[PDB]
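This report refers to the structure that appears directly beneath it.
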Amino acid sequence: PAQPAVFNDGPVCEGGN
Amino acid sequence: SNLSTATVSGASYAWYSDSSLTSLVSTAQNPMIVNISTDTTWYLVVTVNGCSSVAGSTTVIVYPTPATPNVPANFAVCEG
């Protein structure tokens, strides 16, 4: 029906998630 | 900080970074705002069954910076 918005939970530290 | 708005049946929540409502920050009844360094205002548009209302808003206020501590002047001590 519509293009969803997608949000990040902030910057990630290398090797993290 | 955590913002809190009304839960409305049939609603879609659109949070914006500006009163112009051109750029989104989140989609929630209770979004978190992070790394706040200045007072910041978020705007909310709630659309119900296709009807978009006037954006509501609130400003998160940042506590004042605490005062610098009072310590003694450079001193000198003799060994022992």
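By order of appearance in the structure tokens: chains A, B, ..., then residues from 1 within every chain, and ligands from 1 in the order shown.
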
What are the closest atom pairs, with distances in Å to one decimal, for all residues of chain A lying within 12 Å of chain B? Consider only C-alpha atoms, order rows by chain and residue number, and present the result as CSV.
```
residue,atom,partner,partner_atom,distance
A:4,CA,B:27,CA,10.6
A:5,CA,B:27,CA,8.3
A:6,CA,B:26,CA,9.0
A:7,CA,B:26,CA,7.3
A:8,CA,B:26,CA,9.7
A:9,CA,B:34,CA,9.5
A:10,CA,B:34,CA,8.6
A:11,CA,B:34,CA,11.2
```

Those selected residues, please, written with N, CA, C and O atoms and delivered as a short mmCIF file (atom, residue, chain, number, x, y, z; two decimals), in the first residue's frame.
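So the final result, stored in selection.cif, reads:
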```cif
data_model
loop_
_atom_site.label_atom_id
_atom_site.label_comp_id
_atom_site.auth_asym_id
_atom_site.auth_seq_id
_atom_site.Cartn_x
_atom_site.Cartn_y
_atom_site.Cartn_z
N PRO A 4 7.15 2.13 3.75
CA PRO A 4 7.28 2.25 5.19
C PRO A 4 8.43 3.14 5.55
O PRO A 4 9.41 3.21 4.81
N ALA A 5 8.35 3.76 6.72
CA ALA A 5 9.50 4.45 7.26
C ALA A 5 10.32 3.44 8.02
O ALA A 5 9.75 2.50 8.59
N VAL A 6 11.63 3.59 8.02
CA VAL A 6 12.44 2.70 8.83
C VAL A 6 13.36 3.53 9.70
O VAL A 6 14.09 4.40 9.22
N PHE A 7 13.38 3.25 10.99
CA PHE A 7 14.23 4.02 11.85
C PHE A 7 15.34 3.22 12.51
O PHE A 7 15.18 2.06 12.89
N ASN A 8 16.46 3.89 12.68
CA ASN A 8 17.61 3.35 13.40
C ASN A 8 17.47 3.73 14.86
O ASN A 8 16.78 4.70 15.18
N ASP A 9 18.14 3.01 15.73
CA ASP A 9 18.15 3.30 17.15
C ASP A 9 19.39 4.07 17.60
O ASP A 9 19.65 4.21 18.80
N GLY A 10 20.11 4.61 16.64
CA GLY A 10 21.29 5.42 16.89
C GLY A 10 22.53 4.80 16.27
O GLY A 10 22.44 3.74 15.64
N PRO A 11 23.69 5.47 16.39
CA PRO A 11 24.98 5.06 15.86
C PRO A 11 25.35 3.76 16.52
O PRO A 11 25.04 3.54 17.69
#
```

Write out as a list in words which residues come within 7 Å of segment 45-53 of chain B when counting only C-alpha atoms, dropping same-chain ones fewer than 6 positions away.
->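 Skipping anything fewer than 6 positions along the chain leaves residues 10, 11, 12, 13, 14 and 15 of chain B.
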
Nearest candidate to residue 20 of chain B (options B:44, B:3, B:70, B:38; using only C-alpha atoms) =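 Smallest separation from residue 20 of chain B among the options: B:44.
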